[PDB]
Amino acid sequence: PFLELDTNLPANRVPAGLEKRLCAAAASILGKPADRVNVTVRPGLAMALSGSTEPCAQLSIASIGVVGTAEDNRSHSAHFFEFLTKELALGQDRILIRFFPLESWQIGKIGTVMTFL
């Protein structure tokens, strides 16, 4: 999984280690070993979410296999909202998630692609 979190919280208002705890949570939620999980956090950005510039965060989740249906993603969404609202001290209206299926031929690892690993 590849997670990318953009936020207009300044870095010093994002709890230390958030990227590590989100990595562990994503592994658990998505059913993947942590050594397959990736998290990128980009703080201090200028953002509007749902038309408003109050503190907010956007999460993108891309993965092989597990983020391709509405029913699967509904389940994931509830768990990721629970995690992020509490960590970031944000209301549920200040977070949105986008889900993106990936296939093995798209993922470059150790100088090849996952199709050949």
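Each residue number is its position in the shown sequence, starting from 1.
- Comparing 85 to 93 with 39 to 47, the stretch with the higher mean C-alpha B-factor in the PDB entry is 85 to 93.
- Per-chain ranking of the deposited C-alpha B factor places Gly17 in the middle third.
- Per the PDB record, residue ranking by Cα B-factor puts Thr53 in the middle third of the chain.
- Ranked by C-alpha B-factor against the other modelled residues of its chain, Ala25 falls in the middle third.
- Among the modelled residues of its chain, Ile64 has a C-alpha B-factor that falls in the highest third according to the deposited record.
- Ranked within its chain, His76 lands in the lowest third, by CA B factor from the PDB record.
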